[PDB]
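Peer 1: For reference, the structure I am asking about is given below.
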Amino acid sequence: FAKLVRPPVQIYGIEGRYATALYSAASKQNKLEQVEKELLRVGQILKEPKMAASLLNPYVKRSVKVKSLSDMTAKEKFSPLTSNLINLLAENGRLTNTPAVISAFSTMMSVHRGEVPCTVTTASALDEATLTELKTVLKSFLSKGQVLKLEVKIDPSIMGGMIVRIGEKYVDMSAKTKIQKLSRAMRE
Amino acid sequence: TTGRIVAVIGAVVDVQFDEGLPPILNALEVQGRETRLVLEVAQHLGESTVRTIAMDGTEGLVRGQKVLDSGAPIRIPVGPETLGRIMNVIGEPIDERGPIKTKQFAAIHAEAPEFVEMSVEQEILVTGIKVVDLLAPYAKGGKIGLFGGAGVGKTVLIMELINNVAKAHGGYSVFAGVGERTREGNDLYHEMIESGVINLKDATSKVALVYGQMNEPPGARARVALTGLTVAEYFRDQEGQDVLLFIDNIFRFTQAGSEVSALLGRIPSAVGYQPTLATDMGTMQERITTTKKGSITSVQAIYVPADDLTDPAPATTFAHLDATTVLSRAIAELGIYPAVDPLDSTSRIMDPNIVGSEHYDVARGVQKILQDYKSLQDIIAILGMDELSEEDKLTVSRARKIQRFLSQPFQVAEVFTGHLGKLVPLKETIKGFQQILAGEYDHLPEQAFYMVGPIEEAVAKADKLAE
Amino acid sequence: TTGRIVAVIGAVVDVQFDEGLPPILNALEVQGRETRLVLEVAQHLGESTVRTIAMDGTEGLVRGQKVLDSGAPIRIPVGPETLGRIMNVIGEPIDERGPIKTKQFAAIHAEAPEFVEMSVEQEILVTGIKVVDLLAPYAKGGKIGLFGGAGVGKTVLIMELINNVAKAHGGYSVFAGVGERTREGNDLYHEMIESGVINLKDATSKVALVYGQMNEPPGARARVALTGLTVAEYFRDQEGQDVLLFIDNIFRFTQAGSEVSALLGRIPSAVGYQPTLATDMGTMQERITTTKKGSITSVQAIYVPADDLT
Amino acid sequence: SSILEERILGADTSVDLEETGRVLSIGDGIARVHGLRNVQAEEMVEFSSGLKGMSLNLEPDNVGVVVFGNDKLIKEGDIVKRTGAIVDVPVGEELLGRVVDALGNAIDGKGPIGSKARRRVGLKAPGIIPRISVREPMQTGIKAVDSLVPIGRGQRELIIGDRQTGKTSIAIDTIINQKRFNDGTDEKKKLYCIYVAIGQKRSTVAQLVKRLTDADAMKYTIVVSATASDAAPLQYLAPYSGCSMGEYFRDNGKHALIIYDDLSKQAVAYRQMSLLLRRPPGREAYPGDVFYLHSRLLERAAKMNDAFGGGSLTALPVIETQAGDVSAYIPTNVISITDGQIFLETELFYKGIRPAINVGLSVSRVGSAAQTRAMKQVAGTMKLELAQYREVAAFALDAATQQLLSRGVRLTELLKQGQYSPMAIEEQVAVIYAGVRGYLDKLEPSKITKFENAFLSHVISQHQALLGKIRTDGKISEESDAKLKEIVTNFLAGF
Amino acid sequence: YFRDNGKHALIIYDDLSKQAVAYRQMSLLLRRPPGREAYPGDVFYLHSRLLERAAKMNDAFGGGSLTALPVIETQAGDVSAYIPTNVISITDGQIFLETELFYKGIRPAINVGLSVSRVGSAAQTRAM
Amino acid sequence: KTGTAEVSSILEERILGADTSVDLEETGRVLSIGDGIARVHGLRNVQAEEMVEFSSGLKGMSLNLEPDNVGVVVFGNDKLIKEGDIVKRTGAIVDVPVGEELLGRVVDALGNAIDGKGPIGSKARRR
Amino acid sequence: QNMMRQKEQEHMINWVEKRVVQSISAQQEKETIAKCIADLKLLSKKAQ
Amino acid sequence: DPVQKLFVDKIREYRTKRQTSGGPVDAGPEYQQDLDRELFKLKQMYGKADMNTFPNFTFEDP
Ligand SMILES: Nc1ncnc2c1ncn2[C@@H]1O[C@H](COP(=O)(O)OP(=O)(O)OP(=O)(O)O)[C@@H](O)[C@H]1O
Ligand SMILES: Nc1ncnc2c1ncn2[C@@H]1O[C@H](COP(=O)(O)OP(=O)(O)O)[C@@H](O)[C@H]1O
Ligand SMILES: Nc1ncnc2c1ncn2[C@@H]1O[C@H](COP(=O)(O)OP(=O)(O)O)[C@@H](O)[C@H]1O
Ligand SMILES: [Mg+2]
Ligand SMILES: [Mg+2]
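Chains as they are written, first to last, in PDB author numbering: chain S, 1 to 188; chain F, 9 to 475; chain E, 9 to 318; chain B, 9 to 404, 410 to 508; chain A, 256 to 383; chain C, 2 to 128; chain b, 162 to 209; chain h, 5 to 66.
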């Protein structure tokens, strides 16, 4: 068999398996950016109410699905890779979970260019000065080449402090956890 | 090559390679361990992924470690430098006396001898055990099986065989203890050291030892048998010398193979056993053969789970042995030892043209009378012996005398019994049983025969009891 | 929070929450039923779905019905006003005699008293019956098998034990009729009313009856024993007294557990019983003990299948 | 009060950067955790609710984590933090006298465990070189066990029998009897007992701890209780925790004794775990693994040689057989792992013959080795005489036959014993001596028990010098034999 | 319908083992977890929620009644099978019909040792 | 419902329009060998119970004809087959030689002499 | 004595947790965020 | 050491507890009933003797 180039991040399931196939296809020929473009365009196309309702009915011959998808991919002049991928999904019958596929690819593309995701959870909003200094410190965690991709979030369950997630690493400075730790340690 | 671990379930590790995969049965080294953990390939899942069985504890394996292909299957040191040493499955020495400095290694997954190499000569092997010699005469150069439940005599019997046969032997010997007590292996080691069979300061050792004892993960237990087969195959071929190969307990081979066959994603066979039970056993037992280049005498102790002889494991192994010896708990509960069941033990050299006519006739008369008594037992157990004809009473008396006379005291059971161990020559056995069948001893009591050597001792004990 | 019934397979209902799932063993109330159907959570399938076992018939459940998460395991009234009142697993009164008025509510999924709370001296409950108290004495906080089927005096013996314990110790009694024939349950109720252990007028009943009928889905017959233990645990802890707890039958408890486990799709154990037979029995039997506040003495009618004690 | 405020201070609150995963699905006691990329196999992860779990399966996309508690305290979406250490338990002498649960969390009150060292429950048994033959005797204080089926230090006996035949009682008497050694001067005879309670009623263990405390026997005992209510992955783990707490002593030159009670209720917890993992059931629904489970656990009861400290770890697994079927699956799995066995008949027990050892089937495959020489002298004769008595007891003529019957009945009456009444070795020697040499053949069998009692009272009162002579010189010399003979004759005279 | 209108009914299911077989077929084809003898987990609920409708209403509800006489076939007199025991633990008696007695003249072959009626003589006319 | 041949190594060939270069009618590639059974992708024209020949001289018998792969059974030890090996048809239902030449020969299950006396000189073959 | 001590202890801790959950609304958020940000800086310094 | 807000918070709240403990604070009747029952079981296990009465047995002879 061929030596498909391993994507940076590994995804699993049918979604991630089609996504790995597509990433290895595009990486050869170095067509990642344009392939992602056509993927995020089919993302909008397939949401069309007519196509969305037509592709979920199982009582239309699969050949009808493939013909319609070939039409809609020839109209947009998609790269041969994306047209082949969509025809493949129609043949195999997995297009019902296309949004999981393309989404996975997006993830598999972010990890390529270093968009190491993060997440911050607080009990209230954050002043832009505080948020900016937070971004500056979080940038120190990463490596060279990587760039932070922050995502603020708000929850009331945690009272004070906040919770920070940096890819895998995770630090819980909430007041909830501190209160629980104090109560357990003192009780025990 | 260099792959990376992608899953670790029990003793089954799925590894992924980006360059060429290693062919099935290869060995792989998990780089980055405090010891040597060898993973033996077994499947090719697809996606340049292989599924391997670990030959050591897989605790501490992180998804994503590096695994380095060896290029050849597990290769163990073989030669005259393994005599007196101890080896684990992957062939490392575990006796703390330095490396096994041989010239030549052997892969443990060789192929069975071809049909155009099998030898056919059959010759009786005399062991000094009355029942074995009389009813199931062992054949020199053929497989032998000791079928037993738990706690019936398989190991005391295989130790008696070790002593009798090996100590009076000229050729080499290999003891492959697979899946059995560790303290027993230590006691055997320190018992052969004191017998001079193993020499720690010379080159006059006669016995190699390989151990996969029961503390080892399923991966190791399923392959130590192959290591023993290899160490013995070498002495058979590259020396042209007679070898003795004792294995205890061979059932652990198949049991371990089934413990690590649910994880390989196979549909379980009859009793949870692997679907490949018969073929896995065959590819192993078909290398333990006497051929035209050498002669291996194999003595294998087969556990019989939950005392079920129709279990798939013993039921399958019955077809690979020349002579079987079914030790039964029913007899052992009567105190008779060795507990051999006379009417289940068989041999392929119970031929009047091989063992002569007097031997064959005596053995068959013993079996006929024991079978008659067994048939009577159903009535005897209810209507007592007071409801049998006179010929039947006489038959029962002879049958009980013979059942007792088959019992013998072993040398290795002195510490248990205290009685002195006896070797009964074959002629003495035939003579004694011929006399008991003729009726020369209808006046003695049964107990005069319990745990005695030749019939002279039986007469002496009867005299002692009469006073 | 409200989820939506996504699947309904026999007595197993799969609900889909959207904000936050309910921890396992919680009780969910299906909205839209004339009666009150309670689903007990059993698994967290993922994708915010939870598989649950129904306490009543799941006929008529649409795929989309709203299901309100109660917020705690099945909770029942455990006052001293239960005495003389029949109630079913979910706590409703099944004697059509008016609501059970109590100021206390107890969740039926508790845990065994910790090691420190255990009492160490082994006492002897005095039942007042000569043969029982001489040859086979009963122990406080101990389990007592009761063999013998019908026609031998099982019900009369149960009533006598109830009376004697309530009279010579001041401790009430609970009767958890797991897998109870409706005919036999009604007969027992009327025998008790006649014999005075239950009294419908003067509020001096000595028995709290709990009935898990034989026509209820397995998910209900497997939990009624826990409702009985909940009431009796109240009488032990919050009222500090010895209690009697009759369980007729105890085999039907294990059988109900077996059917529930099969429904959920678990590999049956040795002889078709659930894999969790040992711990299913342990969690229940281990709450019948003599702690430092009181004791529950359980008399468990036992049926031996196929006359096989193994 | 302010002590509580101090309790507040000194609590570790420093936050750390730690890997984490998110639970996907919890049910059947196995959680599926997503993430945990750098998690080792058999690692100990910790859920957000304070629970602990063992990382069992490392599948490519998730991690199967067996929860060591009630899986009702685990949601979906919870957070799982890897603690970066294979499943560990605390070990040391700080545990002696403490009732720790399967993970070393004291369920005793009495403050926390002040342990400073941790072992891995999943260690490996000693190889073939470290071990040395069993040499020293383990004194059970039970006449039948100490005389007929002795035990050594490093041996792993089995106690097998039905419901309520006195297995726990033998275990407890063995634990209690070690009190005398654990007070003497030499550390070479001190035994540090351990007792693992698996799948047992919690009240039973509470009363057992109370009894052990009455007999002052908790100064050295550790009770590791994974009782009936505790989740299956705790009953499966408790034996390994106990075996580690014992391996600590064994590897630090001391002597330990571990009593798993029962091992038939660990294999049931393991069967639950497996069947809930969907593994293919085998014979009796047990997984094929159910052997390796016990073999790996009981292969650690070793006896290290002097070049490895010289410690030892005796093991006394307790198996329970339905209807006394010794040929069931688990009983034979364990009968082929151990170095002996003590069969406790349920009909001898119902005859009042307690303890109910079935001396016909009981055996100890180190036996005469590691037995006090005095007991050997006295008890070899008893073994032969009991053998002869059993050979003939199938009907109840001549002088020798009736003599065998009478002597055997006397010896059977002599071997009975009472609960929580262990006897020093010299006392057993004296009693069995008075029994076998023939100074009881005239006394009625029914009185043999009473005699015994009275005799002990006399011997322990007047002739403590002789018993000290026997104990010090572990052998009955000729002069000692004569003194014992005259003592027995004189005492019997007063009847 | 007759029970709830002051009338008395008597329903005879013949057999209730074949309803169980039909239900088992339905389940195994719907792919529900098999269980013992391949019977789903509801072969008790199935029969219990059927046989529990044989009642005797009190006068406030009409006084009607509904008896039931489920018929079960046992293979080789094996009454410890799954369905036979399920339906034996639900009902108020049983009338065993052994064939050994059938062929030696005793017809109806009602084995009167094993037969029982937990209701008993409470439902017998004073003369009988 | 994940197809066997829905691996990435195959979907990639499909995606980048390269499947046309290889023959997927009278030839296939071993997706997964293990325990003596090969799954083969290709061989769209292989008959049921037809014999096929691996790229190492080993033969097999295509038993399962599933929609996307073929379950082949190896008449030998699969130690030599590797993922990606080329399986090529033989064209004929599995058949064995016959005749009077076999008389007195210890032939193998497939008709190959294993007595070492030389090849079987048979003429006709029977399914 | 022992019973009273322990019971008062648990009651005290319940009252104290009531007090802390009440006072958690107190405005210290800014200094809290500052100190935790500094702590993040320390963690990152140790990360490399 | 004081920088951690939670430590100082607990410290000050407990200080307030100590000063308010001029008498025990926030008993609540539940407190009294619990005292009643637990003391009742305690004395019942022990006996009906006084709080602090030094008694005697007033021995006798056979
Ligand atoms: N040596 C003895 N002498 C007299 N009675 C004994 C003796 N040993 C045990 N018993 C009695 O047997 C009863 C139960 O024994 P024990 O609990 O030790 O058996 P067991 O096998 O541990 O029971 P289980 O295993 O079911 O807990 C006890 O009440 C005890 O009094
Ligand atoms: N020949 C014999 N004489 C006396 N006793 C024996 C004899 N063979 C076995 N036994 C007894 O039976 C037990 C069985 O042990 P062993 O045979 O070593 O293990 P296995 O279960 O593998 O057969 C021994 O410990 C011994 O007490
Ligand atoms: N102590 C007793 N005195 C008089 N009759 C008794 C006694 N015990 C049992 N019986 C009789 O035995 C019969 C058994 O019925 P009962 O025990 O009430 O139901 P079940 O047989 O279902 O337990 C009763 O009708 C009763 O008349
Ligand atoms: Mg053995
Ligand atoms: Mg016990």
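A virtual CB, placed ideally from N, CA and C, is assigned to each residue, including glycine.
1) Please confirm whether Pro289/B has its beta-carbon closer than 8 Å to some beta-carbon of chain E.
2) Using a Cβ-Cβ cutoff of 7 Å, what residues of the region 177–191 of chain E are near chain A? List them in chain order.
3) Could you please give the first and the last residue of the uninterrupted alpha helix (DSSP H) stretch that includes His367/F?
4) Does DSSP put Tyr170/S in a helix, in a strand, or in coil?
5) Tell me whether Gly159/E counts as near ligand 3, meaning its Cβ is closer than 7 Å to at least one heavy atom of that ligand.
6) Hey, which unbroken runs of the alpha helix (DSSP H) at 4 residues or more fall wholly within the region 318–401 of chain B?
7) If we count the other Cβ atoms within 10 Å of its Cβ and call it buried at 16 or more, is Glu129/E buried or exposed?
8) Residues of chain F with CB closer than 9 Å to the CB of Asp69/C, please, in chain order.
9) Got a sec: is the Cβ-Cβ distance from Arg6/S to anything in chain F below 8 Å?
10) Restricting to runs no shorter than 4 residues, where is the alpha helix (DSSP H) found entirely within the region 301–330 of chain F?
11) Tell me the residue span of the beta strand (DSSP E) that contains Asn65/C.
12) To the nearest angstrom, how far is it from the Cα of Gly280/E to the Cα of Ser419/B?
13) Nearer than 7 Å: is that true of the beta carbon of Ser344/B relative to any heavy atom of ligand 2?
14) Using only the alpha-carbon positions, how far apart do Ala114/B and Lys60/B sit?
15) For chain S, is any of its Cβ atoms less than 8 Å away from the one on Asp26/F?
16) Can you give me the start and stop residues for the beta strand (DSSP E) that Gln208/B sits inside?
17) Output yes if chain h places a C-beta closer than 8 Å to the C-beta of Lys176/S; else output no.
18) Taking the C-alpha atoms as reference points, what is the distance between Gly130/B and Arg94/S?
19) Check whether chain B comes within 8 Å of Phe58/h, counting only Cβ atoms and requiring the distance to be less than that.
20) Can the beta-carbon of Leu237/E be found less than 8 Å from the beta-carbon of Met292/E?
21) Helix, strand or coil: how does DSSP classify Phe123/F here?
22) In three-state terms, what does DSSP make of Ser56/C?
23) So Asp245/F is in the alpha helix (DSSP H); what residue range does that whole segment cover?
24) Exposed or buried, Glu14/B, counting other C-beta atoms within 10 Å across all chains shown (16 or more means buried)?
25) Check whether the Cβ of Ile179/S lies closer than 8 Å to any Cβ atom in chain b.
26) Closer than 8 Å by beta-carbon distance: list the chain S residues that pair up with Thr21/B, in chain order.
Peer 2: Reading off the structure:
1) yes
2) Taking 7 Å as the Cβ-Cβ cut-off against chain A, the residues of the region 177–191 of chain E that qualify are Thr190, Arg191.
3) 365–391
4) strand
5) Indeed, a heavy atom of ligand 3 lies less than 7 Å from the Cβ.
6) Unbroken alpha helix (DSSP H) runs of no fewer than 4 residues, entirely contained in the region 318–401 of chain B, are found at 337–343, 354–358, 381–400, following chain order.
7) exposed
8) Residues of chain F passing the Cβ test: none, with the nearest at roughly 13 Å.
9) yes
10) 320–325
11) Residues 60–66.
12) Spanning the two alpha carbons is a distance of roughly 51 Å.
13) yes
14) 15 Å
15) yes
16) Premise fails: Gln208/B is in no beta strand (DSSP E) and is neither H nor E.
17) no
18) 44 Å
19) no
20) yes
21) coil
22) coil
23) 226–245
24) exposed
25) The beta carbon of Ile179/S falls within 8 Å of a beta carbon belonging to chain b, placing the residue at that interface.
26) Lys178, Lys181, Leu182
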